[PDB]
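One letter stands for each residue in the lines below.
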Amino acid sequence: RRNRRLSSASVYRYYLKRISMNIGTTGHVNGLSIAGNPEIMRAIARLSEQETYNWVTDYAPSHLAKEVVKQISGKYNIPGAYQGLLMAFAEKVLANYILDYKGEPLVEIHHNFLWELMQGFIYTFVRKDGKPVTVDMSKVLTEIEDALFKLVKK
Amino acid sequence: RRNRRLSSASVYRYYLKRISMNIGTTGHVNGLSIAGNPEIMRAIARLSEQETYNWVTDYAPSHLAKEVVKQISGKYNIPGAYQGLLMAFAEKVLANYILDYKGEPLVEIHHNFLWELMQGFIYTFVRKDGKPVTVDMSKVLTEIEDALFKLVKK
Amino acid sequence: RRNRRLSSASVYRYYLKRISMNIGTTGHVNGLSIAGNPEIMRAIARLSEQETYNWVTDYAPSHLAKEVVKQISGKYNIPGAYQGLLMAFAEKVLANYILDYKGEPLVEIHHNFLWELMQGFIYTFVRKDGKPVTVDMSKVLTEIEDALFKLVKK
Amino acid sequence: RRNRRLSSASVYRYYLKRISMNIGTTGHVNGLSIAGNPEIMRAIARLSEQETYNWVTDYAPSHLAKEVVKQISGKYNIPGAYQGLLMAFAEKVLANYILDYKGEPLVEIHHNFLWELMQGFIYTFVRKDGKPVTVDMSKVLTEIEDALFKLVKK
Amino acid sequence: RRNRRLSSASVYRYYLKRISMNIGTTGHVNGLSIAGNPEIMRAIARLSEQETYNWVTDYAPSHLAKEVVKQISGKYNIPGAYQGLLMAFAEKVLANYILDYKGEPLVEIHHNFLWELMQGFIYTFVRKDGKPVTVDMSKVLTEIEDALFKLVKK
Amino acid sequence: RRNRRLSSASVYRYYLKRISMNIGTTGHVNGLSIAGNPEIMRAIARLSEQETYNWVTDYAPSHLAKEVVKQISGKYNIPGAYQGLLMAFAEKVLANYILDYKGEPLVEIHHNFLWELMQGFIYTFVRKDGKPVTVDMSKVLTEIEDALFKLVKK
Amino acid sequence: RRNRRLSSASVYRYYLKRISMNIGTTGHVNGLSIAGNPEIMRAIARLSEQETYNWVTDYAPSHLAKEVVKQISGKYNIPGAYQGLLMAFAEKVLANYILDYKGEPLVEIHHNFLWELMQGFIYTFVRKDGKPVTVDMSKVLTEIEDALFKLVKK
Amino acid sequence: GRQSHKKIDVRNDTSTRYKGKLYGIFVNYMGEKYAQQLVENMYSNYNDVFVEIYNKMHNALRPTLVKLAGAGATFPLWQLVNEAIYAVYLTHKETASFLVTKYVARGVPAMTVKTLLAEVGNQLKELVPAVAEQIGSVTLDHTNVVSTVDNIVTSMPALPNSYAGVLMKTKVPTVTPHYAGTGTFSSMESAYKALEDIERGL
Amino acid sequence: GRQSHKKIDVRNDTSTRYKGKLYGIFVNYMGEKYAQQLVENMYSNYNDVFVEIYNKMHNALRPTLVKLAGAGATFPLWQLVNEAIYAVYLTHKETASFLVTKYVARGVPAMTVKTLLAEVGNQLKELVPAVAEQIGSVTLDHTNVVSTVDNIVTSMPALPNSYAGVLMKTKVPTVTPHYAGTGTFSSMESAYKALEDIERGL
Amino acid sequence: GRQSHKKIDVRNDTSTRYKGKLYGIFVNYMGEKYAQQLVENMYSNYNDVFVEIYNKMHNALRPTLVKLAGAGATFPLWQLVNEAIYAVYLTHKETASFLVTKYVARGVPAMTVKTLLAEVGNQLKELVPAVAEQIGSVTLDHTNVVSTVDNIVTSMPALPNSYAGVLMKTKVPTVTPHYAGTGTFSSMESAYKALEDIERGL
DNA sequence: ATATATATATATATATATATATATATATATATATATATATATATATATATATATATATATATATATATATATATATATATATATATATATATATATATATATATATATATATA
DNA sequence: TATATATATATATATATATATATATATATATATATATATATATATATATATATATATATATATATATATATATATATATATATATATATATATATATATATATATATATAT
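Residues numbered from 1 in each chain as written, not as in the entry; some residues may be left out. Chains lettered and ligands numbered in written order. Part of a larger assembly, values for the part shown. Heavy atoms only, no water. Residues with missing side-chain atoms left out of burial classes, pairs and counts.

Method of determination, as given in the entry header: cryo-EM; reported resolution: 4 Å.

Draft legend 1. Focus on the overall build of chain A. When you go through chain A residue by residue, the secondary structure sums to seven helices and two strands. Mapped from its N terminus to its C terminus, chain A presents α and β elements in the order α-α-α-α-α-α-β-β-α. For chain A, whose C-alpha radius of gyration is 21 Å, the value lies well above the compact-globule estimate of 15 Å for 154 residues. If one aligns the C-alpha atoms of chain A with their principal axes, the spans along those axes are about 65 × 40 × 30 Å. (Helix = DSSP H or I, 4+ residues; strand = E, 2+ residues; numbered from the N terminus. Rg over C-alpha atoms; globule rule 2.2 N^0.38 Å.)

Draft legend 2. Up close: the protein's contact with DNA strand K. With respect to spatial proximity, 120 residues lie near DNA strand K, and among them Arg17 and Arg62 of chain H, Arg17 and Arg62 of chain I together with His58 of chain J are the closest. Of everything in DNA strand K that lies within 4 Å of the protein, sugar and phosphate atoms constitute 92%. In this structure, a phosphate oxygen belonging to DNA strand K sits 2.7 Å away from a side-chain N or O atom of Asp58 of chain C. Here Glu91 of chain C contributes a side-chain N or O atom positioned 2.7 Å from a sugar or linking oxygen of DNA strand K. The biggest single contributor to the surface near DNA strand K is helix 1 (residues 14–30) of chain J, with six residues. (Near = heavy atom within 4 Å. Polar contact = N/O pair within 3.5 Å; in protein donor to acceptor, adjacent residues only side chain to side chain.)

Draft legend 3. Representation of unusual backbone geometry. All names here are of chain C. Despite not being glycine, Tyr101 has its phi angle at roughly 45°, a positive value. Residue placement: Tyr101 occurs in the loop between helix 5 (80–99) and helix 6 (106–117). You can call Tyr101 partly exposed: its relative accessible area is 23%. (Buried < 20%, exposed > 50% of the residue type's maximum accessible area, 1.4 Å probe, protein only.)

Draft legend 4. Representation of the pairing of strand 2 (residues 132–136) of chain G. Residues and elements named next belong to chain G. Bridge analysis of strand 1 (residues 122–126) against strand 2 gives five bridges, and the strand direction is antiparallel. Among the inter-strand pairings, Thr124 is bridged to a residue of strand 2, identified as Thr134. Where strand 1 folds back on strand 2, the antiparallel hairpin that results is connected by five residues, among which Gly130 adopts a positive phi of roughly 85°. (Pairing = 2+ DSSP bridges.)

Draft legend 5. Highlighting the packing of aromatic side chains. Tallied over the full model, the rule gives 71 aromatic pairs over all chains. Here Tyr18 of chain H and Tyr46 of chain H contribute two aromatic rings whose centre-to-centre distance is 5.5 Å and whose plane-to-plane angle is 20°, an arrangement assigned as stacked. A residue pair is termed long-range when its members are at least 10 positions apart, and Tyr18 of chain H in helix 1 (residues 14–30) and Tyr46 of chain H in helix 2 (residues 32–69) qualify at 28 residues. On the accessibility criterion, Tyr18 of chain H (31% relative accessible area) is partly exposed. For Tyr46 of chain H, a relative accessible area of 35% puts it in the partly exposed group. Among the aromatic residues, those joined into a ring-pair cluster are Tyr18, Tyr43, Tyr46, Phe50 and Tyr54 of chain H. Between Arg106 of chain H and the ring centre of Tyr103 of chain H, over which it is positioned, the NZ or CZ distance is 4.8 Å. Here the basic side chain of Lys33 of chain I rests over the ring of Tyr34 of chain I, its NZ or CZ set 3.7 Å away from the ring centre. (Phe/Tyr/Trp six-rings, centres within 6.5 Å; stacked < 30°, edge-to-face > 60°. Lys NZ or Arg CZ within 6 Å of the ring centre and 35° of its normal.)

Draft legend 6. Main features of the protein's contact with DNA strand L. Contacts to DNA strand L come from 128 residues, most closely from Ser10 of chain A, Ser10 of chain C, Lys21 of chain H, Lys21 of chain I together with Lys21 of chain J. Within the side chain of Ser10 of chain B, an N or O atom sits 2.6 Å from a phosphate oxygen of DNA strand L. The contact in question runs from a sugar or linking oxygen of DNA strand L to an N or O atom on the side chain of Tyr59 of chain B, over 3.2 Å. Residue composition of the surface near DNA strand L, grouped by class: 47 nonpolar, 33 polar and 48 charged. (Nonpolar A, V, L, I, M, F, W, Y, C, P; charged D, E, K, R; others polar.)

Draft legend 7. Highlighting the pattern of salt bridges. Going through the model one piece at a time under the given rule, you end up with 40 salt bridges over all chains. Residues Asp129 of chain F and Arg127 of chain F are paired through a salt bridge, measuring 2.6 Å at the closest nitrogen-oxygen approach. Of the residues examined, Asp129 of chain F reaches a relative accessible area of 39% and is grouped as partly exposed. Note on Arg127 of chain F: relative accessible area 29%, which makes it partly exposed. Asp48 of chain I serves as the salt-bridge partner of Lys169 of chain I, at 3.2 Å between the closest nitrogen and oxygen. Note that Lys169 of chain I is positioned in helix 8 (residues 161–171) and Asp48 of chain I in helix 2 (residues 32–69), a separation of 121 residues in sequence. Among the charged side chains, a salt-bridge network with shared partners connects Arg127, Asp129 and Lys131 of chain B. (Salt bridge = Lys/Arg side-chain N within 4 Å of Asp/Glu carboxyl O.)

Draft legend 8. Structural context of the interface of chain I and chain F. Tallying the contact residues gives 19 residues for chain I and 15 residues for chain F. The residue inventory of the side of chain I that touches chain F, partitioned by class, reads ten nonpolar, seven polar and two charged. (Contact = heavy atoms within 4.5 Å.)

Structure follows, in C-alpha cells:
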C-alpha cells in the first residue's frame, strides 16, 4: 500500500477490515445467518475492538524508532528512501536484540545491514543548495545504534 | 467533473461519498447486514468524518497556491485556461520541491514546464479594451516562483 | 416546467428535491438502511440546505437582469415571449462578458443574438389601445446593454 | 367536487392535502423513513403552508369577479347555472385581457363567448312571481365588462 | 366453430393456440429440446402476445360493422341468419372499398350481393306478434351503406 | 409470402426461424445432442439475435424508400400494384447508384425501368370519384428520383 | 462465400462451425456417444472458443490494411473490384515482408503485382459526375507501400 | 391566466383512482384486508349503477346535445337528463309537466326538453327491462312523449328510491354482451382490458 | 457562464421518466399495485393523445419553422400551432381572424400564420378523420385557408373540449401502421423497440 | 507530492461505470425495473450522440494537436473543436470570425485555428450527412475554410440546438460498418465485444 | 351506545361526472437562459482511498510446520454403570389412526346411465 | 332418480400396521450422559522460533484504477430553478346541478 502517515484513520480502517475478516471467520459458510444475528454481531465488534487495541499497544516502539530515524535523516539530509530503510533497520535491531535478544551480537547485525547497503558505504548527496555532502553508512548506522540505547535507557 | 469553487458543500459531498465507500468496504459481500447494525454504522460515520478531516487539513497549501496564481493572472490579464494551468504548476513546484524536496533543482522543473507550455513562450492576449498585450511565460513562471517562496517564508 | 415567479416556495421545493437526490446518492444501493439512520439523515439535511444556499446566492444577478428586462418590456409594450427572450439575452451578456469576459467583443454577441431574432428586426406590435407600434431589436438590444452596465456600475 | 362557498375550511383542506402530496414527493420511494424524521416533517409543513399562502394571495381577484357576477345575476334573477357561467366568463376576461393582455380585443372574446352561449341570446326566465322576463346575453356580457373595469379602476 | 360472442376468452384462446403453433414452428423437429429451454420459451411467449395484439388491433372495424348491422336488423326484425350475412356484407364493403378501394364502384358490389341474395329481394318475415312484414333487400343494403359511410365519416 | 406490414412480429419471427436454421447448422447431423446442451443453446440464441439485429439495422433505407413511394402514390392515386413496383424501383436506384454507385448513370436505369414498365407510359386510372386521370411513368419516375435524392440529401 | 462485412456474427459463426468440426474430430466414428457426454462437450466448447480467439487476434493487421486500402480507394474513386485486389496486395506485402521478411525486396513484389495487374497500368475511371479520371497502378501501389510503413510505423 | 384546459370524463382509470384513494383513506379505519374488500365492493356497486346507467346515457346523448345547443353551456341539458333518469323514470316522482315547466323557467325551449325526454326514454327502455315494460312498445317523440310519460307516472305512485338505486338490476339478470341473441357486440371494450394485462405480464 | 446547452424533446425515455416519477410519488397514496395500474393508464392516455397529435405535428412542422423564421425565437410559432390544434380545430371556439389578429399583434407576419394554419390543416386531416371530413377534400393555402376555416368554424358552435381531449380517438378506430393499404409504412420505429428487449434478454 | 498520473479517456468501461452509478442513484427514485430501463435509454442516447461524434473527432484530431502544439496545454484546442462541432456546425449560431477572434484573444495563432476548423469540417462531413451537404464537396484549408464556412453560416440563420442534440441522426439512417460499400471496415472494435462474452460464458 | 336496516330530509365530506373557469403542482413539450447537480471527456495538479508492485521492517491473522505441554470437543475404543431415545422381541391392556373385512345408513365426490 | 365405482364420514368386532401410548423385563443398536485411562483426529488455546500463504499497518517512491476534491472550458446525460405560452394529467380550490358512496347529523320498528 502507498505511504500514509499514521493517524486515527489507520486505526478505524484496521478496525473495520478486521470486522470483515471476523464475520468471515465465525460463519465459515453460513456467513449470512451469522450476519443477521445482532448478538454475535456485538461479540464480533468487541473482538475486533480488542484486536485493534492489541495492535496499537504493540506498535508505539516502532513509532518511536521511526521518529528518531527521521530526526537523524533530517540532520544529515538523506532522501526519503534511505530514511525508510534506516527506519526498518532500527526496528529490526530493537526487536531482535534490544527486546528479546535473539542470539546475535550487535556488530554482527551491523555488518549484515552493511552488506545490505553496499553496491560502497559513503554515499554522496547533493543538498537543495547545490552543496554536495557525503555520509558514511557504517558511521550513522553505529550512530543510530547508541541513540536507540539512549531512548530505551538500556 | 465541472469546476466548482471550494465550499462547505464540497466537504459534505466528500463526507457522504466516503460513507458509501466505507459501508462498501466493511461488508465486502454482506453489505446489507452491516447496513442494518447501528454500531458499525456509527463507526463508519466517524471514520468517514476523520478521513474528510484529513483530506481537508492536507489541502490548504494547494488552496493558497491557487489563490496567488489567481492574483497573478488577474494583474496580468490571462484567460482562465492558463490560470488553471499555472495553478497546477504552482501546486507541483511547491509539492515536489518546497515541501518534500525530491532531488531535483528548481530551474529544471522550470524548463520542463516551459517545454510543457511551448507550441513560443510570449503569448499575445486581447483585453476587454481591445488593447493587445504580450507576456513571457518563463518570466511569469519565475515570477510566481519568487512569490511562492514569499508565502511559505522559505 | 411551467413559468412560476420566484418565491420562497421555490426555495423549499428545491430543498426537498435535493434531499431526495442526496439520499439517493449516499446509499447507492442500500438506500433503506441509510434512510433509517438519523445521523446521516441530519448530514444529508444540512448538505441539501447548504446546496440550496449556494444556488440562491448565485442567482440574484440573473434575477436583477430579468427585472430590468421586464421594465424595458413594460415601457416598450413587448409581449411576454420576447420579454423572456431578452431576459435570457441579458443573462447571457452579463455572464459571458460582464462577469467572466470570455474572449469575445460585445457587438459580436449583439449581432449573434440579432441573427437569433431575425426571420427582420423592426417588429410591429399592437398595444391594447389598438395603436400599432414598431421597435428595432438592435436598438432596444443596445439599449439594455448600456442600461445593464449601469447596473453593475461598469 | 360539489360546490362549496369559499371558507377557512377550504384553506385547511388544501393545506393538509398538500402535506400529503409533499411527503409523497420528497421520499420518492422511501416515504416511511422520511415520515419518521421530525425535521423534514417541519420543512414539509412550512412548505405546504407557503404553498397555500401563495394560492390564497393569487385568488382574491377571482373572488371579487364571482362576487360582482353574483350581484348582477341577483339583479337580473338568473338561475344558478348561468350565474356560474358568467362567473367563469368574468374570470376569463380579467385574466387574459385585464391582467396579462394576451393579444386579443375585448369584443373578440365577447363574440367568442356569445357563440359559446348560442343554441339565441335573449333567454326567457320565469321569476318566482310567475312574471316571465327576458334578458339579452350580449347586453349583460358588456354590462359586467364595464362593471369589471370599474373594479380594477382601469 | 360455433358462434361465440367475442370476449377476453377469445383473446386468451388465440394467445395460447398461437403459443402451440410457434413452439411447433421453431423446433421444426427438435420441438422437445426447444420446449425445455426457458429463454426461447420467453421469446415464443412474447411473440404470440405481439401477434394477438396485432390481430386485436385489426378487428375493431369489422366489429363496428357487425354492430351497426345488428342495430339495423333489430330495427327491422330480421332473423339471425341474415343478420350475420349482412354483417359479412358490411365487412366486405368496408374492406375492399372504404379502406383500400380496390378498383370497383359501390353499386357494382351492391348488385353482386343482390344476386347473392336472390333465389326474390323482398323477404317476408312474421314477427313475434304474428304481424307479417316485408323488407326489400336492395333497400336495406343501400341503407347500411350510407349508415356505414357515417361511421367512418366517409 | 403474403404481404404484411412490418412489425415487431416480423422481428421475432425472423429471430426464431434463424434459431431453427442455426441449430440445424451446428450439429450437422447430431442435432439432438447439440439441442440438449444449454450452453451451445445460449450461443445459438445470441447468434440469431445478432443476425436479426444486423438485418434490422441494414433495412431502414429501403423502408424510407417504400415510405416516400407510398406518399407519392397516395398523392397521385395509383393502385397498390404499381405502388409496390415503384417501391422496388426506389430501392434499386438507391442501392446500385446512391450508395455503392456501380458503374451506371441514373438516366440509364431510368430508361431500363421504363422499358420494364412499357407494354405505353401514360396510364389512365379511375379514382374513387369516377374521375379518370392519367400520369406519365417517366415523369413520376424522375419525380421520385429527386424526392429520393432529397431524403439522403444527395 | 459472398462478401460480408466483418462483425460479431462472424465470430459466432466461426465458433459454431468449429464446434461441428471438433465434435467430428474427437469421436472419429462413434461421434454420437461423444455428443452425449457433457464433459467432453464442455471441453469441445472451450476448444472452439480458444480457436476463435486465436483467429481473431491474428486478423487485426490484415483488417487495418483493408481499412487503409479502403481510404485510398475512396479518395481515388476506384471501383470495388480493384479495392479488394489492393486490399489483398497490402495484406501480402505486410505479411511476407513487414512481418516475416521472406527474402525478397520491396520493388520485386511491386513489379510482380504490377505484372499481375497488366493486360497497361494507367486505368481510366469515370466518376459519378461524368468526369473521367486516370490513375497509375504502380504509383498508388508505391503510395500504399509508404502508407503501410506509416501504419506499423516501420 | 389560461393555465390549462381540463377535461372531465371516464378515462379507464377512474376505477383505479377511486379504489386507490378511498383505500388510502380507509386503511386508517379498517386495516388492510378490510379496507381492500370495502373499496372493492364500493367500486363494484358504483360501477354497476352509475356507469351502466348514466355514462351510457351520456355517451348516447352527447352528440345530439352538441347538435341542439352546441356549447360548453350545455350543463342544464345534463342536469335535465339526470333528473329525467332519476325523478321521472325509476321513481315516478314527477310528471313531464314539472320538468318542462322547470326548464323553460330556466330558459330551455320546450320542444328541446320533449325531444331529449323522448330519446332518454327510448334508450332507457333498452337498458332496463322494468321501464321498458312500464312504457311498452311506443317510440317516444316530442309530439307524444309528454302524454305517454304523464300517463305512466300518474298511473303509479311515488316509488321508493331503493328501486332507482341498486335493486333494479340486482333482482333481474340480463343478457350479457358475452352471449348470443342481442348480446354479441360490445366486449371490444373488455377485450382491450384482457390484452392490457397480457402485456403487463399479467 | 454558459453552463450547458440543454435539448428538450421526446427522447424515447419520457415514457419511463413519467411512469417512474409519478409511480414514486403516488405509491404514498395508493400502494404498489394501485400506483402501478394508475401510472400505466395515465401514461397510456397521455401517449395516445399528446404524442400522437402534438408530437407528430411538431416533427412535421419543425423544418418549415426553420425555413420561415429560422431562429431560437420560434416559440410564438409553437404556441400558435398549439392553439390552432386546440382552439380552432377540435373545438371550433375561435375563427382564423382571432389567431391572425392575435399573432400580428404579437408581431407575426400574417401570411406566415396563414401558411402554418394551412399546413396544420393538411396534416391534422391525415391524423384525425373527423377534421378531414369537416374540411372535406380541399387543399389549404395562405390564399384560401382563412375563408374555408372560417366557414367551418362559423358553421359549427363552440364544441366541448371533451371532444378534443380523449373521445375523438376513443369512439372511432383507425387503420394501424400494421395493416395493408395506407398502414404499411412506419413500424420501423416500433420495430427498434422489439429488438431492444430481445437484446436485454427480454 | 506527485501522487499519481491519472489518464482520462474512453476506456471500454465508461459505459458500465455510467450505467452502474446512475442505476444505483435512481433505484431510490424509480424502483428496480424503471431505473433499469431509464439508465439503459440514458446511456444509449449519450452514446449515440456524444461518443459517435465527439469521441471520433477527438481521436482523429489528437495527432494534429500534438504536431501543432504538442503539450498538456492543448486544452484550448479541445474547447475550440468542441465549440466548432457545436456552435458553428449543426447550429450556425456563429461565423468563423467569432472563433478566430476569440482564440487569438485567447492567444492561439490564427492559421492554427483555420487548420483545425478545416479538419473538423472534413471529418464531420464524413460523420453526418447534413453538414456534408451544407458544405458540399469542398476540401477545406486554412486558405478557403473561413470564407466557405462563413458563407454557409450566414446563408442560414441560427438553428435551434435541437438539431445539434438528437434528431439529426435520428431522422436519417446511415450505412453501418456492417454493410457493403463504405461500411465494411471498423467492426473489429465491436468484434472484440463478441469474443468477450463468449469467454465469460456469455 | 355503536352499528346494521326499512321510508322521508338535511349538512359534510369521500370520490365520480356533467360545463365554464381559476391557482398549484405533477410531469411533458416548445425556444432562450440560468443555477445546482449526476456523470462523461479534455489537459494540469492535488487530496483521499481501492488495489498492484518495487525493498525493508512491523503487528495480526490464516493456515502449515518444527518439539513440548495444556484444556475442549469430534470421534474411536478399553471396562463398569447410568440416563434418555431409535428400534426389536416378550405378554397383557388401553386409545388413535390407516388400510382390509363383517351389516345398516348417510353425505361427497369419481364415474356410468 | 336410479345404478356402480370407491372417497370420506358415523354406529359395533376380526385382520397387518404402525401411531403410539403405557404398565410390567428382557434384548441389540444407538443417541447421549458420566465415572477412571488410553488411543487417533482435529478444534482451538498457550509456550519458544521457523516457515509458507494471506489480512491489514507503516516507512520512502513508483505504478494503474478509482473514489472524490479542485483549478480552467467544453460536452453529454439529468436534477431543479426561472422567464415567456402551449399542452396533457392530476392535485386541489371555486362557481351552478346532478349522480353514487359513504361520513356523520334529524322522525318509529327489529338485529
